[PDB]
file data_39.pdb (PDB, C-alpha atoms)
ATOM      1  CA  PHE A   1     -39.265  -8.333  -3.298  1.00  0.00           C
ATOM      2  CA  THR A   2     -36.203  -7.078  -1.394  1.00  0.00           C
ATOM      3  CA  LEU A   3     -36.384  -6.307   2.351  1.00  0.00           C
ATOM      4  CA  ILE A   4     -35.898  -2.596   1.534  1.00  0.00           C
ATOM      5  CA  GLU A   5     -38.968  -2.562  -0.757  1.00  0.00           C
ATOM      6  CA  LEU A   6     -41.047  -4.278   1.969  1.00  0.00           C
ATOM      7  CA  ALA A   7     -39.782  -1.703   4.539  1.00  0.00           C
ATOM      8  CA  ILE A   8     -40.789   1.163   2.194  1.00  0.00           C
ATOM      9  CA  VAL A   9     -44.226  -0.485   1.697  1.00  0.00           C
ATOM     10  CA  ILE A  10     -44.684  -0.882   5.499  1.00  0.00           C
ATOM     11  CA  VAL A  11     -43.966   2.878   5.867  1.00  0.00           C
ATOM     12  CA  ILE A  12     -46.215   4.094   3.015  1.00  0.00           C
ATOM     13  CA  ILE A  13     -49.226   1.876   3.923  1.00  0.00           C
ATOM     14  CA  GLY A  14     -49.186   3.466   7.400  1.00  0.00           C
ATOM     15  CA  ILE A  15     -49.369   6.966   5.810  1.00  0.00           C
ATOM     16  CA  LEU A  16     -51.981   6.304   3.066  1.00  0.00           C
ATOM     17  CA  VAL A  17     -54.151   4.900   5.843  1.00  0.00           C
ATOM     18  CA  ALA A  18     -54.889   7.491   8.607  1.00  0.00           C
ATOM     19  CA  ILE A  19     -56.473   9.823   6.089  1.00  0.00           C
ATOM     20  CA  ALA A  20     -59.956  11.121   6.750  1.00  0.00           C
ATOM     21  CA  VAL A  21     -62.786   9.397   4.832  1.00  0.00           C
ATOM     22  CA  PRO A  22     -66.459  10.579   4.664  1.00  0.00           C
ATOM     23  CA  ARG A  23     -69.261   8.723   6.418  1.00  0.00           C
ATOM     24  CA  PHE A  24     -72.198   7.609   4.358  1.00  0.00           C
ATOM     25  CA  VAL A  25     -75.314   9.357   5.736  1.00  0.00           C
ATOM     26  CA  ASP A  26     -78.988   8.492   5.284  1.00  0.00           C
ATOM     27  CA  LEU A  27     -80.026  11.834   3.725  1.00  0.00           C
ATOM     28  CA  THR A  28     -83.326  10.310   2.514  1.00  0.00           C
ATOM     29  CA  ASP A  29     -85.360  12.361   5.051  1.00  0.00           C
ATOM     30  CA  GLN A  30     -84.187  15.691   3.555  1.00  0.00           C
ATOM     31  CA  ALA A  31     -84.615  14.364  -0.009  1.00  0.00           C
ATOM     32  CA  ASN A  32     -88.096  12.936   0.812  1.00  0.00           C
ATOM     33  CA  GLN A  33     -89.147  16.319   2.248  1.00  0.00           C
ATOM     34  CA  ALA A  34     -88.031  18.091  -0.958  1.00  0.00           C
ATOM     35  CA  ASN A  35     -89.895  15.464  -3.050  1.00  0.00           C
ATOM     36  CA  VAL A  36     -93.104  16.041  -1.013  1.00  0.00           C
ATOM     37  CA  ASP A  37     -92.733  19.846  -1.299  1.00  0.00           C
ATOM     38  CA  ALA A  38     -92.013  19.793  -5.072  1.00  0.00           C
ATOM     39  CA  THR A  39     -94.980  17.407  -5.510  1.00  0.00           C
ATOM     40  CA  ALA A  40     -97.202  19.761  -3.439  1.00  0.00           C
ATOM     41  CA  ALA A  41     -96.248  22.645  -5.796  1.00  0.00           C
ATOM     42  CA  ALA A  42     -97.162  20.423  -8.777  1.00  0.00           C
ATOM     43  CA  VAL A  43    -100.561  19.506  -7.206  1.00  0.00           C
ATOM     44  CA  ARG A  44    -101.378  23.227  -6.684  1.00  0.00           C
ATOM     45  CA  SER A  45    -100.564  24.026 -10.342  1.00  0.00           C
ATOM     46  CA  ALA A  46    -102.444  20.922 -11.592  1.00  0.00           C
ATOM     47  CA  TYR A  47    -105.462  22.039  -9.512  1.00  0.00           C
ATOM     48  CA  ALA A  48    -105.289  25.618 -10.855  1.00  0.00           C
ATOM     49  CA  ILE A  49    -105.134  24.295 -14.471  1.00  0.00           C
ATOM     50  CA  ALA A  50    -108.065  21.957 -13.632  1.00  0.00           C
ATOM     51  CA  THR A  51    -110.242  24.929 -12.472  1.00  0.00           C
ATOM     52  CA  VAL A  52    -109.934  26.412 -15.999  1.00  0.00           C
ATOM     53  CA  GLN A  53    -110.654  23.040 -17.719  1.00  0.00           C
ATOM     54  CA  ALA A  54    -113.642  22.371 -15.399  1.00  0.00           C
ATOM     55  CA  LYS A  55    -114.917  25.997 -15.746  1.00  0.00           C
ATOM     56  CA  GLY A  56    -115.544  25.730 -11.978  1.00  0.00           C
TER      57      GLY A  56
ATOM     58  CA  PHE B   1     -13.133 -27.708   6.816  1.00  0.00           C
ATOM     59  CA  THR B   2     -10.580 -28.609   4.124  1.00  0.00           C
ATOM     60  CA  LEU B   3      -8.422 -25.915   2.469  1.00  0.00           C
ATOM     61  CA  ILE B   4     -10.301 -26.529  -0.811  1.00  0.00           C
ATOM     62  CA  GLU B   5     -13.686 -25.791   0.825  1.00  0.00           C
ATOM     63  CA  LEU B   6     -12.271 -22.563   2.335  1.00  0.00           C
ATOM     64  CA  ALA B   7     -10.862 -21.580  -1.112  1.00  0.00           C
ATOM     65  CA  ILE B   8     -14.298 -22.179  -2.707  1.00  0.00           C
ATOM     66  CA  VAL B   9     -15.930 -20.098   0.084  1.00  0.00           C
ATOM     67  CA  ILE B  10     -13.395 -17.250  -0.439  1.00  0.00           C
ATOM     68  CA  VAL B  11     -14.350 -17.244  -4.163  1.00  0.00           C
ATOM     69  CA  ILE B  12     -18.151 -17.391  -3.702  1.00  0.00           C
ATOM     70  CA  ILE B  13     -18.310 -14.729  -0.929  1.00  0.00           C
ATOM     71  CA  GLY B  14     -16.559 -12.312  -3.317  1.00  0.00           C
ATOM     72  CA  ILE B  15     -19.272 -12.956  -5.968  1.00  0.00           C
ATOM     73  CA  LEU B  16     -22.399 -12.911  -3.733  1.00  0.00           C
ATOM     74  CA  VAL B  17     -21.131  -9.559  -2.486  1.00  0.00           C
ATOM     75  CA  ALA B  18     -20.764  -6.991  -5.339  1.00  0.00           C
ATOM     76  CA  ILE B  19     -24.438  -7.303  -6.177  1.00  0.00           C
ATOM     77  CA  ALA B  20     -26.542  -4.170  -6.316  1.00  0.00           C
ATOM     78  CA  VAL B  21     -28.771  -3.512  -3.271  1.00  0.00           C
ATOM     79  CA  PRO B  22     -31.538  -0.827  -3.012  1.00  0.00           C
ATOM     80  CA  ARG B  23     -31.136   2.284  -0.883  1.00  0.00           C
ATOM     81  CA  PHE B  24     -33.782   2.992   1.688  1.00  0.00           C
ATOM     82  CA  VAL B  25     -35.378   6.360   0.810  1.00  0.00           C
ATOM     83  CA  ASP B  26     -37.438   8.713   2.974  1.00  0.00           C
ATOM     84  CA  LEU B  27     -40.555   8.725   0.748  1.00  0.00           C
ATOM     85  CA  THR B  28     -42.643  10.237   3.584  1.00  0.00           C
ATOM     86  CA  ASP B  29     -42.953  13.599   1.745  1.00  0.00           C
ATOM     87  CA  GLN B  30     -44.747  11.996  -1.244  1.00  0.00           C
ATOM     88  CA  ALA B  31     -46.888   9.826   1.066  1.00  0.00           C
ATOM     89  CA  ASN B  32     -47.717  12.834   3.325  1.00  0.00           C
ATOM     90  CA  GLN B  33     -48.793  14.843   0.256  1.00  0.00           C
ATOM     91  CA  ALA B  34     -51.132  12.015  -0.840  1.00  0.00           C
ATOM     92  CA  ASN B  35     -52.520  11.786   2.733  1.00  0.00           C
ATOM     93  CA  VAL B  36     -53.220  15.564   2.759  1.00  0.00           C
ATOM     94  CA  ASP B  37     -54.848  15.398  -0.707  1.00  0.00           C
ATOM     95  CA  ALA B  38     -57.017  12.340   0.128  1.00  0.00           C
ATOM     96  CA  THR B  39     -58.006  14.053   3.409  1.00  0.00           C
ATOM     97  CA  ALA B  40     -58.875  17.267   1.494  1.00  0.00           C
ATOM     98  CA  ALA B  41     -61.200  15.219  -0.782  1.00  0.00           C
ATOM     99  CA  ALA B  42     -62.835  13.727   2.341  1.00  0.00           C
ATOM    100  CA  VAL B  43     -63.317  17.218   3.904  1.00  0.00           C
ATOM    101  CA  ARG B  44     -65.032  18.469   0.699  1.00  0.00           C
ATOM    102  CA  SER B  45     -67.441  15.490   0.699  1.00  0.00           C
ATOM    103  CA  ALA B  46     -68.053  15.796   4.475  1.00  0.00           C
ATOM    104  CA  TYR B  47     -68.841  19.507   3.940  1.00  0.00           C
ATOM    105  CA  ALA B  48     -71.216  18.765   1.033  1.00  0.00           C
ATOM    106  CA  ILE B  49     -73.057  16.130   3.157  1.00  0.00           C
ATOM    107  CA  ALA B  50     -73.163  18.673   6.036  1.00  0.00           C
ATOM    108  CA  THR B  51     -74.904  21.294   3.798  1.00  0.00           C
ATOM    109  CA  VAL B  52     -77.807  18.828   3.323  1.00  0.00           C
ATOM    110  CA  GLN B  53     -77.957  17.941   7.068  1.00  0.00           C
ATOM    111  CA  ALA B  54     -77.789  21.649   8.064  1.00  0.00           C
ATOM    112  CA  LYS B  55     -80.335  22.648   5.341  1.00  0.00           C
ATOM    113  CA  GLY B  56     -77.976  25.610   4.768  1.00  0.00           C
TER     114      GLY B  56
END
call {"tool": "encode", "arguments": {"input": "data_39.pdb", "output": "structure tokens"}}
result
Amino acid sequence: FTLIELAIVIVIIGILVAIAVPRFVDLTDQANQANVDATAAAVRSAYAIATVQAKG
Amino acid sequence: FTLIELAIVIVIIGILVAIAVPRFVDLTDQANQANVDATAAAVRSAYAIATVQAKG
């Protein structure tokens, strides 16, 4: 590579770095809560259906 | 140096010059645009992650 091409590369690397980038976040607490809540809704419906099946 | 060696040098200098050589170019506009775009992608993801953290 010519010295000019290396100079251009040295410039552009410095500009394509120094972007923002997102953090990874452990969102499993919020997702676990929604899983527990959705499951609780399912248990209530499953119970209601069971009261008809059981006739009691 | 002998006169022959100087004559040879006078010939070869004239041929190793008269190559092409690249121009340096201010490519910072294109690089800045890519930085802004990559940063915009990061802001969208950071916002999406924040809507889960905020629960709203």
call {"tool": "calpha_fit_and_write", "arguments": {"input": "data_39.pdb", "fixed": "chain A", "moving": "chain B", "output": "compact mmCIF listing (two decimals) with C-alpha atoms, in the coordinates of the input"}}
result
# COMPACT_ATOMS: atom_id res chain seq x y z
CA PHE B 1 -39.28 -8.33 -3.29
CA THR B 2 -36.22 -7.09 -1.39
CA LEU B 3 -36.39 -6.32 2.36
CA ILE B 4 -35.90 -2.61 1.55
CA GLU B 5 -38.97 -2.56 -0.75
CA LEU B 6 -41.05 -4.27 1.97
CA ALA B 7 -39.79 -1.71 4.55
CA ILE B 8 -40.78 1.16 2.21
CA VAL B 9 -44.22 -0.48 1.70
CA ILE B 10 -44.69 -0.88 5.50
CA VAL B 11 -43.97 2.88 5.87
CA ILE B 12 -46.21 4.10 3.01
CA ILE B 13 -49.23 1.88 3.92
CA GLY B 14 -49.18 3.46 7.40
CA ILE B 15 -49.37 6.97 5.82
CA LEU B 16 -51.98 6.31 3.07
CA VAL B 17 -54.15 4.91 5.85
CA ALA B 18 -54.86 7.51 8.60
CA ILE B 19 -56.47 9.83 6.08
CA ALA B 20 -59.96 11.11 6.76
CA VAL B 21 -62.78 9.39 4.82
CA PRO B 22 -66.45 10.56 4.62
CA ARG B 23 -69.25 8.72 6.40
CA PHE B 24 -72.19 7.61 4.33
CA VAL B 25 -75.30 9.35 5.72
CA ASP B 26 -78.98 8.49 5.27
CA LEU B 27 -80.03 11.83 3.73
CA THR B 28 -83.33 10.31 2.52
CA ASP B 29 -85.36 12.36 5.06
CA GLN B 30 -84.19 15.69 3.56
CA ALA B 31 -84.62 14.37 0.00
CA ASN B 32 -88.10 12.94 0.82
CA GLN B 33 -89.15 16.32 2.26
CA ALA B 34 -88.04 18.09 -0.95
CA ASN B 35 -89.90 15.46 -3.04
CA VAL B 36 -93.11 16.04 -1.01
CA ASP B 37 -92.74 19.84 -1.30
CA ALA B 38 -92.01 19.79 -5.07
CA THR B 39 -94.98 17.40 -5.51
CA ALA B 40 -97.20 19.75 -3.44
CA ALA B 41 -96.25 22.64 -5.79
CA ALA B 42 -97.16 20.43 -8.78
CA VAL B 43 -100.56 19.50 -7.21
CA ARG B 44 -101.38 23.22 -6.68
CA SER B 45 -100.57 24.03 -10.33
CA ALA B 46 -102.44 20.93 -11.59
CA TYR B 47 -105.46 22.04 -9.51
CA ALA B 48 -105.29 25.62 -10.85
CA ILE B 49 -105.13 24.30 -14.47
CA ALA B 50 -108.07 21.96 -13.63
CA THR B 51 -110.24 24.93 -12.47
CA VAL B 52 -109.94 26.42 -16.00
CA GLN B 53 -110.65 23.05 -17.72
CA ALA B 54 -113.64 22.37 -15.40
CA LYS B 55 -114.92 26.00 -15.75
CA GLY B 56 -115.55 25.72 -11.98
call {"tool": "closest_atom_pairs", "arguments": {"input": "data_39.pdb", "of": "chain B", "to": "chain A", "cutoff": "7 Å", "atoms": "all atoms listed in the file", "output": "Markdown table"}}
result
| residue | atom | partner | partner_atom | distance |
| --- | --- | --- | --- | --- |
| B:22 | CA | A:4 | CA | 6.5 |
| B:24 | CA | A:4 | CA | 6.0 |
| B:31 | CA | A:15 | CA | 6.1 |
| B:32 | CA | A:15 | CA | 6.6 |
| B:34 | CA | A:16 | CA | 7.0 |
| B:35 | CA | A:16 | CA | 5.5 |
| B:38 | CA | A:19 | CA | 6.5 |
| B:39 | CA | A:20 | CA | 4.9 |
| B:42 | CA | A:21 | CA | 5.0 |
| B:45 | CA | A:22 | CA | 6.4 |
| B:46 | CA | A:22 | CA | 5.5 |
call {"tool": "atom_distance", "arguments": {"input": "data_39.pdb", "atom1": "CA of residue 40 (chain A)", "atom2": "CA of residue 28 (chain A)"}}
result
17.8 Å
call {"tool": "atom_distance", "arguments": {"input": "data_39.pdb", "atom1": "CA of residue 33 (chain B)", "atom2": "CA of residue 10 (chain A)"}}
result
17.1 Å
call {"tool": "atom_distance", "arguments": {"input": "data_39.pdb", "atom1": "CA of residue 55 (chain A)", "atom2": "CA of residue 36 (chain A)"}}
result
28.1 Å
call {"tool": "decode", "arguments": {"input": "data_39.pdb", "residues": "region 16-27 of chain B", "atoms": "N, CA and C atoms", "output": "compact mmCIF listing (two decimals), in the first residue's frame"}}
result
# COMPACT_ATOMS: atom_id res chain seq x y z
N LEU B 16 12.32 7.09 -12.39
CA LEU B 16 11.65 6.79 -11.12
C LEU B 16 10.77 7.95 -10.65
N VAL B 17 11.05 9.17 -11.13
CA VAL B 17 10.05 10.23 -11.19
C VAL B 17 9.19 9.97 -12.43
N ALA B 18 8.08 10.71 -12.62
CA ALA B 18 7.15 10.44 -13.72
C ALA B 18 6.47 9.06 -13.58
N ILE B 19 6.33 8.62 -12.33
CA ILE B 19 5.31 7.66 -11.93
C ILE B 19 4.02 8.43 -11.66
N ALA B 20 2.90 7.71 -11.53
CA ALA B 20 1.75 8.25 -10.82
C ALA B 20 1.98 8.19 -9.31
N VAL B 21 1.30 9.07 -8.56
CA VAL B 21 1.26 9.02 -7.10
C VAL B 21 -0.15 9.42 -6.68
N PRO B 22 -0.76 8.81 -5.63
CA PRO B 22 -2.12 9.17 -5.24
C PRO B 22 -2.19 10.57 -4.62
N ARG B 23 -3.32 11.26 -4.84
CA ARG B 23 -3.63 12.45 -4.06
C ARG B 23 -4.12 12.03 -2.68
N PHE B 24 -3.76 12.81 -1.65
CA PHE B 24 -4.54 12.74 -0.43
C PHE B 24 -5.90 13.40 -0.67
N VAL B 25 -6.96 12.85 -0.06
CA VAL B 25 -8.31 13.37 -0.22
C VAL B 25 -8.95 13.49 1.16
N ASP B 26 -9.64 14.61 1.40
CA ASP B 26 -10.39 14.78 2.63
C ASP B 26 -11.68 13.96 2.58
N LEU B 27 -11.58 12.67 2.94
CA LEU B 27 -12.72 11.76 2.99
C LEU B 27 -13.50 11.86 4.31
